[PDB]
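Basis: the model, the stated rules and, where named, an outside source; these are not laboratory values. Cβ: placed from backbone, ideal geometry, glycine included. Neighbour counts: every protein chain shown.
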Amino acid sequence: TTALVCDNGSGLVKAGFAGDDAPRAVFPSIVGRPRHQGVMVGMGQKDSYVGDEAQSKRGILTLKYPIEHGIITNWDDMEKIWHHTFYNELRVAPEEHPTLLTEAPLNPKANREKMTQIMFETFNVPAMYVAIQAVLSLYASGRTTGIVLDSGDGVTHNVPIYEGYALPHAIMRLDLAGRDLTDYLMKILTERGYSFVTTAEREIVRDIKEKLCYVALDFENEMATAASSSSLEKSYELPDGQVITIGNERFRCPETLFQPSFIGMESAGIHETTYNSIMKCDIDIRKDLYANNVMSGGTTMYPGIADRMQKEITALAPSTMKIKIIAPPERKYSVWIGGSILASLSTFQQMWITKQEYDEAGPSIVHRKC
Amino acid sequence: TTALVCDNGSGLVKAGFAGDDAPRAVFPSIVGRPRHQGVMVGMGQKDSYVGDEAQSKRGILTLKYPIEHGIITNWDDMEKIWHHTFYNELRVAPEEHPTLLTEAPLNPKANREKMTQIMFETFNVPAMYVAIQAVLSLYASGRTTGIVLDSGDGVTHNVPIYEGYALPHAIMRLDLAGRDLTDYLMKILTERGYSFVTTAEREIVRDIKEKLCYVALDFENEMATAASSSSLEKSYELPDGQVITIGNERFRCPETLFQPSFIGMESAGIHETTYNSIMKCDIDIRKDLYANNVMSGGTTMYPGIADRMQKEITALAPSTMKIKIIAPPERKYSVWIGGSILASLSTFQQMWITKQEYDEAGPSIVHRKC
Amino acid sequence: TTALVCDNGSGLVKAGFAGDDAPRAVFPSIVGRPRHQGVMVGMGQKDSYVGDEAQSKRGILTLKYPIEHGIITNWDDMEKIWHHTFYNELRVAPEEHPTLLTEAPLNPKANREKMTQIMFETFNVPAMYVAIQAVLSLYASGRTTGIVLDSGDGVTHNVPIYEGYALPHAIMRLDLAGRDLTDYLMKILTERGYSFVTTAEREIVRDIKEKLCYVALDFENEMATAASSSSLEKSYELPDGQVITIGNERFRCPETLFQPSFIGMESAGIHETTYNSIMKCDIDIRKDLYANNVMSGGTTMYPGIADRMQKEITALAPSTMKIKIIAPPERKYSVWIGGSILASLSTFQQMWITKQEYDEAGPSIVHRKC
Amino acid sequence: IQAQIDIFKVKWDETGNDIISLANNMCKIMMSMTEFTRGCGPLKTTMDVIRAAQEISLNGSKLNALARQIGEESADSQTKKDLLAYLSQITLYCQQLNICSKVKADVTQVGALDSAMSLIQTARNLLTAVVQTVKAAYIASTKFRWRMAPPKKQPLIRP
Amino acid sequence: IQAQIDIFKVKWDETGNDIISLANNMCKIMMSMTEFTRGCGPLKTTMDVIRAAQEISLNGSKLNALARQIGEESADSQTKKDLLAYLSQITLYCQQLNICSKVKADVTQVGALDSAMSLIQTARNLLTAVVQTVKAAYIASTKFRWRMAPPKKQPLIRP
Ligand SMILES: Nc1ncnc2c1ncn2[C@@H]1O[C@H](COP(=O)(O)OP(=O)(O)O)[C@@H](O)[C@H]1O
Ligand SMILES: Nc1ncnc2c1ncn2[C@@H]1O[C@H](COP(=O)(O)OP(=O)(O)O)[C@@H](O)[C@H]1O
Ligand SMILES: Nc1ncnc2c1ncn2[C@@H]1O[C@H](COP(=O)(O)OP(=O)(O)O)[C@@H](O)[C@H]1O
Ligand SMILES: [Mg+2]
Ligand SMILES: [Mg+2]
Ligand SMILES: [Mg+2]
């Protein structure tokens, strides 16, 4: 039949049908459960709200993400999320569709083994496949030679590829991503007086970060400009009518990516991580990797991240090489479009993990096949 | 029909048609095989890249020369190289063309026997012939009386000839050639800080050697000049934008030829080898051999090797005799031009090893005919 | 007076007095600098902790090794390390003791020139000498004829010696050593779920590698045994009370030495490197080099490396020759014991680089003397 | 890339003309898009570049089918394996061109040059994998049991 | 090695007896350690082998001093240069024996045959460099301006 492509990220679930060019279902990956006391009979029978129905009712729920840093910490909640995706959002019986799941590199092996076991034993899919996300982003970028920075909500990882041959020793996975930026924005928002503490208020702060925050080209000059004048202050209106105003927190939140010492992490920024991943590859392909820096994932959509990253890498690379960062306008959905390209290929249809193979070899077949 | 002339050297393959004056195909004699992991479906179906397509993709390959010191160590790879040469580069069916192969002197007999067997059983050529390389260099030098120093990438050998009568007891084959100079250049490059370790980096060092290295007329004076001042330093730019700088390694790499004790070899330099080959010949022809020192092969193209070799031999020969080294500007292709001269001769067409003779006498006919 | 013997390795500094049989100071070669914020007045005045005082306080420091692959990348930090060694650990004024430093072969020349300049201008030693490490290991092994495999934390190099006459053309320096094994252990530890990312956590992983990791005699059989049963799993307790469990990562980390393709390196393992170094030597001494394979350095102390290396070499060497690997129980300190033997010799006291010679000839005297 | 086809002069000789015609159309569209990159060309709107990319993808599918027919007609050899590898590459590139063209069309409709840069890159990858498909197919069908001129003489001295 | 000393029969003739006695003691200890290697011998503990190695080192220092005295007594010649070379070798071997014996003692105290293998090897190197020191010293002191028998006849036919 037609294959499903479920890109269950750490923050958003993006599902669809293979061969298309856009997902059908795009909902947050949260599972709320009511915490207050129900007083009207018949209201309160539903124990847990999943996805978009827990984002509307978040005033009386404790939203809990099942996937946390790309690793599925809670498995019952993630079964709930997958059931929602298959039946209530896409409205397809899983028994008739192969499913192409995505996964960050360098995750635990139990993660793939349990995703395979759940798909083949609970949802009874006829076939499946687990693909690294940056490979799919390079599929959807229309190339075969690049270094794929793939931020997100859980992790931020690079995968350098030269002409279809990935270099597994130069894959650099960093655990700094959108959720850490949300928490840091909450922290620095406490300075102005605004205290967001609950989970629903985490979602409000996430929306503030998406709407207002941007990346400064030169950090010190922008701090000087923000301190000298109030030209950088922009106002946001909370769900209860209150108006906030953040002037200096706008570029301080996404600067955590380039200086992960803001949140106490030791590792180098994403620019030094990309450059170190480039100079771990063979000498002959560094020129081709410099010119194709595919950026993917949601977190790489801050206004001004491509220019800043080009400036930061150009100061590290030799003066001769041509650095240019590829930032497609649709880069939030690049992984899923790559899943559509991969799952609908004529060549690929011999690479599904069929149910018969899983019955023969158990959940450890995913390590051989994928 | 028209005969092929395939001069399969140890480092470069130079093929063409007899009667011409320049080869059609000149590509390195390497066979790369990918070593990394392929992640995009449909890319990676090709198991091995041969010649020029393995020199472009060398970033993800392990290049392996099948011919090593003039002796074909790997036979499947050399069948691959010959198939490439016949079909993909020259674009001729071998069944319709005699082939003139070349070979260094004093090689194993199994080498000729297996080249003959492969040509007559795998490529089905109608005739063939295996000719010593220095004889062909003397053909292409326009003379019939000289001593042919023929360096290269595998071996360095002399063949003294007087008026068409070669002296087989004065043939001096030395196993020091271009590849040993490349490895020594890598070794002495480690002193400055640059460490080239892989095979692709061997090719980068080979290019450094070709571009920059030269031969000093007086070694001690040049070392003194290089130590006193920085007038000898020249810079080279690596494929990833880095710039190197070699000042003293420029004439130390090709000095290995005149002092083979640099790389631990005992034998005498090429000047003493040529002089010893001259004074093994009959007394009456040494005057004619002194004045015709034909130099061939790629490795004899260092800037300043003719002057240095003339200075070194003149100090050994008697003060009366006239020493002059013949270094044609095209000496890299002298062996092949000699193959064109030999294979297109009217007299020569009775000396091919026809297929019927091979069927009668087996692969041991090449020892009688050649 | 009595000479110092400072064997400043890439991972550990081992100093002492010549003539002894054991070092006085053995501390890691790290220089930590605090990264958090100091809040108590008077605590935090010390800018950098060196050696053992930065290994105790590593919770709040960024440890940085000054020596990296046997080459001193940072010189101010290495002055700090030498000052620590001379004054705070050994407690000797350098002005009254000659110093015998050690160095891997095939390093840059600027390395020796700057070590000599720093010793003669900053520490004012009266004499010094820089000795290759494998020569000293052969001194301390009690022989004069062997091939010295000398692993470590920076490099892994061979030096074949026959009766006091080293063969400089058969010295094979490989840049795969203990630190690469630590990084690979971190990488493969990410599979089980444990993510060590910081420098202090590099030190924790190094301790895991030292305590638990071993070398398998037959890799495939051991992988089969580890997959079939849980008899190979051993547990380690982290500094915060957590317990980890590594079963299959125990022999996969040190297998990188025999298959350097695990970490993306092309070069051959240490067994093929030793065998290639043997068959680059003269034919008459290969029998004596086969029977004396002195192994030194810290990294050659994995349980079962001697048996595995003997099995791997015996499969390469001719069936007649007698292969036996010499692995003294003290081989971690073999280089320093060799320094004690060399520096305290009656014959050697004319080979120091005296201060007057350095004043006459500058820092380029170390190339003539050593 | 154009020169490799331009040395063609007039199994193979039955389906050869179709393949050479398809490759020539591909090269014509390719330099159309290249001239768009340089600024002056037949097509000036990004929508035109997307249409050209879809056209190249269709031609790629047709040429893939023809070359597969020739490949299974021919006999076992090394050039057959090269041909099959290049066919797989063409399949991947065609799928990329289709889906990426649709995505860029939607992105442009929802409301510049960099939008067409990746389409040009993918079409150029496709074209490079075609001129190696016509040559491999020609050799596999002919030399084993149109025309291509013998290669030009290599220079004796390279300045 | 024993045979080279055994052909000695009774400057030189003043310090010759001391040197021949020291060399004989060296050979006796050497085959003591060799018999330890073969399994049966006077000394059976690795500590005993370390003590024997230290004893051989002490004898080596004494013989080195005596041979140096003879060497400076004698006149310039080629055998004098050979003698000085062998003296340098003896110095190196004695230093190795001292330090390695101390190291093996500590290793054994902190808690087998291979521990004594290297000590036996170094002592055997030392002994080989002594029987060439007594001969060179004897020739330099005597033949230039005890006894050694003339060498035995070489076989005419070697089967
Ligand atoms: N326009 C935007 N600007 C800045 N950050 C964004 C934007 N859109 C999304 N994000 C961040 O990206 C995250 C979503 O990333 P996503 O594409 O879902 O990655 P994944 O699918 O791997 O979870 C959100 O948590 C949010 O913080
Ligand atoms: N211009 C040059 N200067 C110095 N060395 C060269 C030059 N050109 C080629 N070489 C050396 O010569 C080798 C090629 O020799 P070649 O003519 O191919 O001999 P053969 O055909 O017998 O292999 C190369 O390996 C290279 O090291
Ligand atoms: N018992 C052991 N088992 C395995 N590896 C070890 C052991 N001890 C040390 N190592 C490794 O050896 C390294 C120390 O080597 P060292 O002797 O210091 O060499 P160098 O002095 O040249 O740095 C450490 O980094 C560690 O990884
Ligand atoms: Mg994502
Ligand atoms: Mg040649
Ligand atoms: Mg060491």
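So, of the residues in the range A:283-322 that are small (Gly, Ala, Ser) and within 14 Å of chain B (Cβ to nearest Cβ), which turns out to be nearest to ligand 3 (Cβ to nearest atom)?
By that ranking, first place goes to A:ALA317.
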For this session: Could you list, in sequence order, all residues of the range E:128-159 that are hydrophobic (A, V, I, L, M, F, W, C) and more than 25 Å from E:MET26 (Cα to Cα)?
Result: E:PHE144, E:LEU156, E:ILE157
For this session: Could you pull out the residue among B:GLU79, B:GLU121, B:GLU103 that is closer than 30 Å to A:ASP284 by Cα, away from ligand 4 (no atom under 16 Å from the Cβ) and charged (D, E, K, R)?
Result: B:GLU79
Exercise. On the given criteria, is C:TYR129 among the aromatic types (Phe, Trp, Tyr), farther than 30 Å from C:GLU203 by Cβ and not assigned by CATH to the domain that holds C:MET78?
Worked result: no
Problem set entry | Residue ID - nearest to B:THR62 (Cα to Cα), chosen from residues in the range A:147-179 that are within 15 Å of ligand 4 (Cβ to nearest atom) and part of a helix (DSSP H, G or I) | A:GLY178
Exercise. Mind checking whether some residue in the range A:292-304 is under 15 Å from A:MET321 (Cβ atoms) and more than 16 Å from ligand 4 (Cβ to nearest atom)?
Worked result: yes
For this session: Mind listing whichever residues of the range B:182-204 are under 22 Å from the mean Cα position of the chain (by Cα) and within 21 Å of B:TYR49 (Cα to Cα)?
Result: B:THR199, B:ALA200, B:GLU201, B:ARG202, B:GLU203, B:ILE204
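For the range A:102-109, does any single residue satisfy the condition of being of a type outside the set (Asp, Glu), within 16 Å of ligand 1 (Cβ to nearest atom), in a helix (DSSP H, G or I) and under 19 Å from the mean Cα position of the chain (by Cα)?
Among the residues of the range A:102-109, not one is of a type outside the set (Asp, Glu), within 16 Å of ligand 1 (Cβ to nearest atom), in a helix (DSSP H, G or I) and under 19 Å from the mean Cα position of the chain (by Cα), which makes the answer no.
Looking at B:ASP183, B:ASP175, can you tell me which residue is in contact with a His (Cβ under 7 Å, 6 or more places away or on another chain), within 14 Å of chain C (Cβ to nearest Cβ) and surrounded by fewer than 22 Cβ atoms within 10 Å (Cβ to Cβ)?
B:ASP175
Given the options B:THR102, B:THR116, name the one that is within 13 Å of ligand 2 (Cβ to nearest atom) and either on the phi > 0 side of the Ramachandran plot or buried (at least 19 other Cβ atoms within 10 Å of the Cβ) (or both). Give the steps one after another, and end with the answer.
Numbers: B:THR116 fails: within 13 Å of ligand 2 (Cβ to nearest atom).
Only one candidate passes the filter, namely B:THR102.
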Exercise. Quick one: in the range C:132-146, which of the residues that are outside any strand (DSSP E or B) and surrounded by fewer than 24 Cβ atoms within 10 Å (Cβ to Cβ) is farthest from ligand 6 (Cβ to nearest atom)?
Worked result: C:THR144
Problem set entry | Any hit, the range A:35-42, residues being exposed (fewer than 14 other Cβ atoms within 10 Å of the Cβ), under 24 Å from A:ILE67 (Cα atoms) and away from chain D (no Cβ under 14 Å) | yes
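For the range B:323-355, name all the residues that are in a loop (DSSP other than H, G, I, E, B), among the aliphatic types (A, V, I, L, M) and more than 14 Å from every other protein chain (Cβ to nearest Cβ).
B:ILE323, B:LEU345, B:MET351
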Seminar exercise, completed: Pairs returned, first residue in the range A:272-299 that is on the phi < 0 side of the Ramachandran plot and β-branched (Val, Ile, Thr), second residue that is within 16 Å of ligand 2 (Cβ to nearest atom) and part of a loop (DSSP other than H, G, I, E, B), beta-carbon separation under 9 angstrom, 6 or more apart or interchain, are A:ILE283/B:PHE196
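Output yes when any residue across the range A:10-17 is under 22 Å from the mean Cα position of the chain (by Cα), of a type in the set (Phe, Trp, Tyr), away from ligand 1 (no atom under 16 Å from the Cβ) and surrounded by 15 or more Cβ atoms within 10 Å (Cβ to Cβ), and no when none is.
Quick first cut of the range A:10-17, residues under 22 Å from the mean Cα position of the chain (by Cα) only: A:10-17.
Cutting the leftovers down to of a type in the set (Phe, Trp, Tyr) gives us A:17.
Now drop any that are not away from ligand 1 (no atom under 16 Å from the Cβ), which leaves A:17.
Remaining after also requiring surrounded by 15 or more Cβ atoms within 10 Å (Cβ to Cβ): A:17.
For the range A:10-17, residues under 22 Å from the mean Cα position of the chain (by Cα), of a type in the set (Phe, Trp, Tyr), away from ligand 1 (no atom under 16 Å from the Cβ) and surrounded by 15 or more Cβ atoms within 10 Å (Cβ to Cβ): present.
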For this session: Within the range E:1-54, count every residue that is of a type in the set (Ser, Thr, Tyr), under 19 Å from E:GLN132 (Cα atoms) and part of a helix (DSSP H, G or I).
Result: 1
For this session: Enumerate the pairs (first residue in the range B:198-209 and within 12 Å of another protein chain (Cβ to nearest Cβ); second residue anywhere and aliphatic (A, V, I, L, M)) with beta-carbon separation below 6 Å, excluding pairs fewer than 6 apart on the same chain, so at least 6 apart or on different chains.
Result: B:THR199/B:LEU63; B:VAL205/B:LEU185; B:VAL205/B:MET186
Exercise. Could you say which residue among C:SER334, C:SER344 is under 25 Å from C:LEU100 (Cα atoms) and within 16 Å of ligand 6 (Cβ to nearest atom)?
Worked result: C:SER334
Exercise. Just one of A:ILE81, A:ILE71 is more than 14 Å from chain B (Cβ to nearest Cβ), within 14 Å of the chain's Cα centre (by Cα) and either more than 16 Å from ligand 2 (Cβ to nearest atom) or closer than 21 Å to A:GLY297 by Cα (or both); which is it?
Worked result: A:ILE71
For this session: Quick one: in the range B:218-246, of everything that is touching a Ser or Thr at 6+ places or on another chain (Cβ under 6 Å) and either of a type outside the set (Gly, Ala, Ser) or over 20 Å from B:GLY193 (Cα atoms) (or both), which residue is surrounded by the most Cβ atoms within 10 Å (Cβ to Cβ)?
Result: B:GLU233
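Against the condition among the small types (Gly, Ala, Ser) and either surrounded by fewer than 21 Cβ atoms within 10 Å (Cβ to Cβ) or in contact with a strand residue (DSSP E or B) (Cβ under 8 Å, 6 or more places away or on another chain) (or both), how does D:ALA52 come out, does it pass?
no
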For this session: Look at the range B:14-32 and say how many of its residues are more than 10 Å from every other protein chain (Cβ to nearest Cβ), in contact with a strand residue (DSSP E or B) (Cβ under 6 Å, 6 or more places away or on another chain) and either away from ligand 2 (no atom under 14 Å from the Cβ) or of a type in the set (A, V, I, L, M) (or both).
Result: 3
